[PDB]
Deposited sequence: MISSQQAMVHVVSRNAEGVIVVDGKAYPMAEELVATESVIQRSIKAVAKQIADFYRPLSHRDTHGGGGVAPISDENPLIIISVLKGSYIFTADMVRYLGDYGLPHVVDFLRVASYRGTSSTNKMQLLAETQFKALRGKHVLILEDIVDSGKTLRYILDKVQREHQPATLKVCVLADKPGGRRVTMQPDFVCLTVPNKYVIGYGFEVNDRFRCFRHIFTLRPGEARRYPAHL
């Protein structure tokens, strides 16, 4: 499954498509999807037994259900593709959940959910590298929403890039200590649509200097 080779220009070819911007393949689509689905099962297994504030039936505590679902906050723009795939796997495993979005760059877009007090909240994020983005988001969500519990699921962990303490509760994949592209990962919004994750050729992070 997946034919991985190099053409005469030394460029990586996966299933007949060339990736001239890539240094090495990190993970094929088949490996990525198997990893996400495996973590979806872990998430569903962990949350389905839990209970939290009942906002459907007038208190007090009730099981996670369609009436009181797990609250998922997805971080835009980086996590939208990962989130789309993950929620479908969570549905397959029967986890009741709802998704809202926050956008960070500075907070550019706020959540519209306003009843998260005493609720189980899960953040879906693309990658933990330095740890600074999640420290910022976790502090913000805890103080404004006062959730019962706050956990983080990342598609990717780059353990070698840490500047601050940040250990996600759920991790689908471990990536090399290199700039990654594909499956949501980008260079000025380019390359997010790839089905595979690759490392970027050095210096190519400046390929598109013009602001969109």
- Query: Hey, which stretches of the deposited sequence didn't make it into the model?
  - Reply: 1-8, 114-124
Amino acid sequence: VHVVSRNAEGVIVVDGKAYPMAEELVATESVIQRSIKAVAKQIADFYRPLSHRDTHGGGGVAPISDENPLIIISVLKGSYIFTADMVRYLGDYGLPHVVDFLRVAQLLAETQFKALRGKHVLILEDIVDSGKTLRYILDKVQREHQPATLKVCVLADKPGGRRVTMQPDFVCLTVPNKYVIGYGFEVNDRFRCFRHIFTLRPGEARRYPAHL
From here on, numbers count along this sequence of modelled residues.
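Take the two forms, superpose them, and find the largest set of C-alpha atoms that agree within 1.5 Å; that set is the rigid core.
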- Larger mean CA deviation from the shown form in 5 other deposited structures of this protein [core fit; 199-207 vs 19-27]: 199-207
- Look up the CA B-factors in the entry and say which stretch, 199-207 or 185-193, has the higher mean. 199-207
- Per the entry, higher mean C-alpha B factor between 28-36 and 140-148: 140-148
- Task: Choose from 61, 175, 70, 43 the residue with the greatest Cα B-factor as stated in the PDB record.
- Result: 61
- Compare the CA B factors listed in the entry for 120, 97, 135, 88 and report the winner. 135
- Task: Comparing against every modelled residue in the chain, figure out the third that the C-alpha B-factor of residue 110 lands in (lowest, middle or highest).
- Result: highest
- Taking the entry's C-alpha B-factors for this chain, is residue 10 in the lowest, middle or highest third? lowest
- Message: Taking only the Cα B-factors deposited for this chain, tell me whether residue 156 sits in the lowest, middle or highest third.
- Response: lowest
- Please place residue 76 in the lowest, middle or highest third of its chain by C-alpha B factor as given in the entry. middle
- Query: Based on the entry's values, in what third of the chain does the Cα temperature factor of residue 50 lie: lowest, middle or highest?
  - Reply: middle
